[PDB]
> 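Pasting a structure here, questions to come.
Scope of the values below: all heavy atoms of this structure, side chains included, with no hydrogens, waters or symmetry mates. Per chain, numbering begins at 1; letters A, B, ... match sequence-line order.
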Amino acid sequence: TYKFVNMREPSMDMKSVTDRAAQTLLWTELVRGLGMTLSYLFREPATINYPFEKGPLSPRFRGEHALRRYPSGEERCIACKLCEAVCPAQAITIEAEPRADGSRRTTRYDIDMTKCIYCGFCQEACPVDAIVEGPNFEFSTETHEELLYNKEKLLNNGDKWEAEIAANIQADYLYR
Amino acid sequence: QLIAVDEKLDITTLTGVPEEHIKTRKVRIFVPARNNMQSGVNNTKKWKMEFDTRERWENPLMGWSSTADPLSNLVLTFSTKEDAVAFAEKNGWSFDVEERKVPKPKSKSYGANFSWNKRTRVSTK
Amino acid sequence: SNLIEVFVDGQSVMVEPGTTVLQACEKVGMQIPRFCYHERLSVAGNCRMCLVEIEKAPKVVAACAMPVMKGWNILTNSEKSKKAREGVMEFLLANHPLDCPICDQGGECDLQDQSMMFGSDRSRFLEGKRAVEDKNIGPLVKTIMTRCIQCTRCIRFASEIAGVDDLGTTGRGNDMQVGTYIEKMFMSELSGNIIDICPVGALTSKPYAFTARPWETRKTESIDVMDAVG
Amino acid sequence: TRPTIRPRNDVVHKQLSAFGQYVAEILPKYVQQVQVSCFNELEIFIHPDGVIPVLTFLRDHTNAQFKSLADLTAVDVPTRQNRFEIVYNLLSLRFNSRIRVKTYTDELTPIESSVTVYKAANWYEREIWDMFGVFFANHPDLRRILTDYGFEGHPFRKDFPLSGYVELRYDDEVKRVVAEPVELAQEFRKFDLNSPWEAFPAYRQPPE
Amino acid sequence: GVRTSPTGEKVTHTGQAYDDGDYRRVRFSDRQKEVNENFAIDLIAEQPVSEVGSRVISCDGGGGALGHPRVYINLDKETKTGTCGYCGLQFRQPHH
Amino acid sequence: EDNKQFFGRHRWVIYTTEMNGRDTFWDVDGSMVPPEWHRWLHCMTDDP
Amino acid sequence: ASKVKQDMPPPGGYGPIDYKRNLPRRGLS
Amino acid sequence: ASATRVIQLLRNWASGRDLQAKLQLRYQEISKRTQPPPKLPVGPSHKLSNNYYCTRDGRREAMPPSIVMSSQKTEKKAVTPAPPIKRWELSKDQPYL
Amino acid sequence: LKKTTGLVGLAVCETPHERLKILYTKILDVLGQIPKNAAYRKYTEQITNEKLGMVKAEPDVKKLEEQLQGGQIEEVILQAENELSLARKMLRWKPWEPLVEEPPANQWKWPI
Amino acid sequence: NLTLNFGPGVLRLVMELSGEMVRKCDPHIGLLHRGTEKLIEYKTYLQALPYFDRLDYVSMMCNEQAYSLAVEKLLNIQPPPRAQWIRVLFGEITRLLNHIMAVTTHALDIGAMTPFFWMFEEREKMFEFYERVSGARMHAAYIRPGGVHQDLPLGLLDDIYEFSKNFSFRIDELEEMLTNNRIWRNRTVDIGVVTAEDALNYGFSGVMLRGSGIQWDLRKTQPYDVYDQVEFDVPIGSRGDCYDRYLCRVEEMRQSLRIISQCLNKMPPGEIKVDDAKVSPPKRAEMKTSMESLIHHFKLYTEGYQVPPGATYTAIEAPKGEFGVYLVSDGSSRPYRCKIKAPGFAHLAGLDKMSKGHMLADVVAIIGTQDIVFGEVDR
Amino acid sequence: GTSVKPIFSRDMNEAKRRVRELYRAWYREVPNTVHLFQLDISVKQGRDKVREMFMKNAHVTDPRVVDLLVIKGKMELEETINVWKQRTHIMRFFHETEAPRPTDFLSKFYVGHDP
Ligand code: SF4
Ligand code: SF4
Ligand code: SF4
Ligand code: SF4
Ligand code: FES
Ligand SMILES: [Mg+2]
Ligand SMILES: [Zn+2]
């Protein structure tokens, strides 16, 4: 089915013509719009008091990246390079070698944050929940260089945000 | 309605390629060899044209791999050797053609494992 | 001459006597799935991944070992052959360890690719898996035998190509293991090739361990200069 | 077929096959091939000389009247002697149907412009000329539409490099934006993803 | 387990440190070098070896689906202990 | 907190005047909130 | 054991949702 | 909304609508930010038997397009690509705006 | 008589039967000059004859609109004019002739 | 006859005017050409999905659906019913977002800026819905070629219902500000009139057709997913000008509310992606417990799924008109060719004809009524 | 055989006539372009640049390639005359910010591996 938006014919009787003339001369619909604006002036504004108040977010929200570790303190990343493979922007650079105790660990894990599109494909491709997109979004910078994260920066971010990251994962992992 | 002009095709002046990326490059036309880690042969069906490797160096920041030649990642696929040769000649690229390698057919015999007098007899299975 | 006529999916093809079903399918351009068969090795026939249906025949045959007969119509993509492939892949994957992220043969695995192309997409195995202890055979070949699928390619290569009879199988049934049964290095000038022939990450390169993934690498076709063989 | 498989539609398949045979019968001078895909899409492969007639027919015939030009684009296949294939997608509102018309050309052979048949083609051909270097004869005004002014080459060609040949920066000595040969701090990582062990036996090619 | 290079820079867990003549050290002047103080190798070396009376044991890293893929570890070799390939935990049979 | 305010204005933080080393009497910013109160304050959870 | 729990509409559905234009006439000749 | 009665009356008269019934600011009517865990059922392929992949393989049922009238290799009623589209009906809910 | 067909720029046609008869007669006249064996001639003559017979046997406009299956007799007239123009251009083009030439050997082979 | 180059969404416009009249209008585009179609050839299908969010930024969800439908058709699979219902619900939400953006901006350019704020509050609420379902406010990548990435959280439907039962009052306030205002009518009525024949020949689609009286809508004529299971009306114009298109857009938003109500009440249970691990990735628990699931996860996130060779043209009824993709697969896991069809391309190509014999200030109104987003036009 | 469809010109003579017409147009346009864009080059060196760009394609013996080049040059002239180009686009023909590349063998050997 379909609808006509502008298929009405004005009445041509004297009363309707006089009503339209009164609208033309006395500016009725403009006064109606003024009344709408006036009514909007007297209602409560929708502004929040940032930075003392924050906009709502979800456990699924993707923020600054972090590298997590096991409760024992050993890192979760085992250098499979699945996140590097799936990255739509080629923002991840990984180099790996056997560790001193024979473990499969990374020696280089860089994320170019100025190439990243924050799609979250890396954290869902990860088989061990090593790379995550944590809740922080307030990490603006004065130079381009400080947005080229190495492994030390990502491990520090993980150690900094682990409590909130683990809570968010606990909230959302039954959907994954 | 037809000119019927006799001359080999040359489109170098129309492709916009810089001069030093036409005459100095050396393309290779080949059927890629099978990856020896696997037995599948589906990657050895088509012809490939690829350019010569140029310098790669280390980014002073981040130690990333930096390059200066625009054709480092250019690989083209062709149905036959003749098509790739024609493409290279019309694009003015000097080329090296490598003939396709096909594994020769072999004589397999399961019973030969249990030979009465020949050395093909296996000691374990 | 002596060529016989056979049919692959109804397509006629002339083959020499003694040609197996697998080579007859090869001549038409169809590659039969395999794990234990190698062109350069003796025929084993144990992995049963090459099972294929012959038309008007109730039993599937092993393509890598069965010589083709005149007038046979090989049905490479029939329902029976596909079901056989799925069953064999299920059996191969039942006890296989979930090591793909840490296994060096991640993007270069014939097990992975043939599971994606010919196997099922899920498991119904609700038991526990088996684990075997690793073997030391020197500083060149890293050994993780839980990933071994018992194709016996390494044993056949060592015995026939390298001329070294130190590899074998011990035990019986599910706990049969591939190794040396004594602490001994498999050291020969051709020892590294068992890394290539092994379809899984059971045998890997030790100096290459954990360094790269196959999809990253650029391949340059070149020539060795370590000797005069070229 | 179970819930994970896309259902088939034989009625539309039969209708599209019949109309393809009808079109091929009416214009045997230009129609080289007619195909219907398994998801019910009809394509007609024609000689380049028949671009204006065939399209006109498909626009004006009482039984066809494909009055809408959805899209016009080109595909670059370097292995073919005629490198570029020109694809017209047409929509008929009267019969609630879609059709595809394919032709071919090479680097030097012009293709007749179809702005007289569809006005919408005016920009589309321009874009093709910008991206593939295909010249359209009798175009009202053919020029670049997408690339920068003075850009050399046609980027959508397969042999054109992904990052191009030049990049832009601001130079203080000359106090302006300048163009220099490309230099990447990190080279684009080429991934070899294609596996052996072919996926689809129904598309296998003869071994020649 | 952070150490100190003879020049004065902290050696990271990957073992990197600019040599004495390296000009790139100039990037750290008036600024700092980001080094993670928690070395995973030392931290996992501190976990005690689990004592299990089974020939084969399964490990998933703990937490169920929040861990790593479940893998099975054989403990037949008495000279060494079984180590998880994902997590680094060590398991052993009760000898003597 | 004040549940009688509309969503977004029902939770807020009054920043400290002295963080790690700087006088934050006037120079406050959102990154001064620790992760747990960050999760509470952005309504990622209902539990402080 | 436990039954399925996902985001579903409540039993009986949701209440009606207005969508028609509402531009009342205040009223004056 | 914490609005005085007089201001509510004034805004209602000015707009011409009852604002309190449909407020644009969210309140306690919204869902809690902490929720119980879900269960998320499984799809139709999670059976233990009679579930061979070859019987549910959508990609392997795709085929090359059907060829009609290859050039290289009766009354005849005329045909159309599809049947003429039926004209629409005039929305017996609110036909005119 | 109705007003405002509803399509912008499409005028209401008073007395459409005569216009349709004239247009179909002109179409048949043009088609008469195309060779008898050409598929376009036979198909278009069949369609035009059906439409002309249906307009000749139905004086009511709305019944004619329902029978013609085009609706809005004005656009039926427009389609008849389009068919006449196409018929003239096709008599010029002569597309009933054999194929100009075959494509190269693998012009349409896909994949590769 | 004076020539002016109104340079730098971002648009360069070269006009020749004879006095106040616009004699010629020539749009120069490419200021946002990023080479999306070439970049797609170096990505897997999953890797190529996020480009469609950035194509038409105003309505990200719809582009995801069009791309997913094309890939699904090439794959010969179908998404589960719950995924289809979620797709249609979020497509109608997406339509509301696009319509609010188009209408408010058109008004703002025209000089009326109040409804921009009034309705961007609602836009912020819908961004909250996006973020709760996917984790991102606007560049979502939620709709995948196997279904959807994740199921809805346990309280999302109730909040969507609460939002949608108050939106009609916001539309009524917008109309009170606009529809009967004499200045707005003088700015919009009889501006940019296009005939039905010209609209069809110039490649117009969507409202740009329906404002001229053409009864066409892809959701009715060529339904995708479950649009044949919902009831709504298609608003039709009568004069082909800016005012009728504005009315059609306003009416469309109301219809979208209707469809959203139906989607909320008829959301079915079940899975959210196709139960085919060679196309859609398995669950995390399955990936960490089953060998096949781990293998398929590895392969789907490294190589990607192979699409059988072939070409399709898939179009959907986007908020801005017909949005289409011509996708050519060569049999591998990377598309051979991806041509993106954008409605705004043809609309901007028709701007020259639409602005003939008008004021300079009418060009702004015509550009606003064409609903032009630069990212889709340049790609 | 080797019969091909024309673009504009049947043989090389018509192609050279078109080339000369385009060259005349560019030569006429150069001084106005210099003045309009406030270029710091001279008219003489601008015309030298036009001559050099024309001479870069002097080896073409295919009329189709010739008139395709003529079409591209006419497009470039159209861009220049209508001031669709900016100063940077015009100055890109001169490569003023690029350090010169030596051509002799020893210098190339010293700077690196690139031939
Ligand atoms: S979020 Fe996406 S773009 Fe960013 S690093 Fe992860 S995969 Fe790459
Ligand atoms: S972060 Fe995860 S996906 Fe990336 S390499 Fe490490 S373990 Fe693999
Ligand atoms: S051998 Fe293959 S299947 Fe087994 S863990 Fe390694 S990559 Fe995975
Ligand atoms: S170690 Fe490898 S090659 Fe040897 S039997 Fe096992 S799987 Fe086969
Ligand atoms: S390949 Fe034939 S049984 Fe293994
Ligand atoms: Mg191996
Ligand atoms: Zn573990």
Side-chain angles (χ1 to χ4, degrees), chain A residues 40 42-69 113 120 123 132-142 146-147 149 153-176, chain F:
Chain A
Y40 250 92
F42 280 107
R43 53 193 80 181
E44 203 191 316
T47 309
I48 72 178
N49 193 32
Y50 184 83
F52 313 98
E53 300 161 350
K54 310 307 226 93
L57 284 181
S58 189
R60 299 183 187 180
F61 175 85
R62 12 175 161 141
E64 197 182 22
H65 295 71
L67 282 170
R68 307 179 54 228
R69 48 177 93 228
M113 300 298 267
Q123 77 175 343
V132 299
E133 208 157 0
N136 184 27
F137 59 93
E138 292 161 296
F139 60 111
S140 271
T141 302
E142 294 194 15
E146 320 169 43
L147 285 177
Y149 289 5
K153 180 80 169 78
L154 291 154
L155 277 182
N156 283 339
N157 280 357
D159 296 330
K160 169 175 166 187
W161 294 97
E162 180 52 40
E164 184 167 10
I165 286 170
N168 279 340
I169 292 182
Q170 170 70 40
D172 199 58
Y173 88 104
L174 283 191
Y175 296 98
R176 293 167 180 183
Chain F
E1 85 183 20
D2 190 18
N3 292 339
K4 301 324 137 203
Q5 316 287 279
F6 71 89
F7 201 54
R9 294 214 84 205
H10 68 310
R11 294 175 186 184
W12 67 95
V13 55
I14 297 298
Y15 283 105
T16 182
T17 53
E18 207 283 322
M19 199 140 171
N20 285 271
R22 67 169 61 173
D23 166 52
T24 40
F25 195 93
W26 306 109
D27 303 90
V28 309
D29 73 280
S31 65
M32 288 163 63
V33 180
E36 54 274 6
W37 289 108
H38 181 284
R39 198 174 76 109
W40 178 82
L41 185 68
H42 293 79
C43 305
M44 281 168 158
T45 180
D46 263 356
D47 311 344

> Mind ranking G30(F), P35(F), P34(F) by heavy-atom pairs under 4.5 Å with chain A and telling me who comes out on top?
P35(F)
> In terms of heavy-atom proximity below 4.5 Å to chain A, should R9(F) be classed as side chain, backbone, both, or neither?
both
> When you check the side-chain N and O atoms of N157(A) and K153(A), is any donor under 3.5 Å from an acceptor?
yes
> Is the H10(F) ring parallel, tilted or perpendicular to the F7(F) ring (thresholds 30°, 60°)?
tilted
> For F139(A), is it the side chain, the backbone, both or neither that has a heavy atom under 4.5 Å from a heavy atom of chain F?
neither
> Heavy-atom distances under 4.5 Å only: say whether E162(A) touches chain F with side chain, backbone, both or neither.
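No part of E162(A) comes within 4.5 Å of chain F.
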> Mind telling me whether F137(A) and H42(F) have parallel, tilted or perpendicular rings, with 30° and 60° as the class edges?
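The arrangement is perpendicular - the two ring planes meet at more than 60°.
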> Among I48(A), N168(A), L57(A), single out the residue with the greatest number of heavy-atom pairs under 4.5 Å to chain F.
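Answer, by heavy-atom pair count under 4.5 Å with chain F: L57(A).
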> Assess the residue pair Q5(F) and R11(F) against the criterion (side chain to side chain contact (heavy atoms under 4.5 Å, CB included)); give the C-alpha distance rounded to whole Å, side-chain angles, the decisive distance to 0.1 Å, and a yes or no.
CA-CA 9 Å; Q5(F) 316 287 279; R11(F) 294 175 186 184; over 6 Å; no
> Take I169(A) and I165(A) through the test side chain to side chain contact (heavy atoms under 4.5 Å, CB included) and record every step on the way to the result.
CA-CA 6 Å; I169(A) 292 182; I165(A) 286 170; 4.0 Å; yes
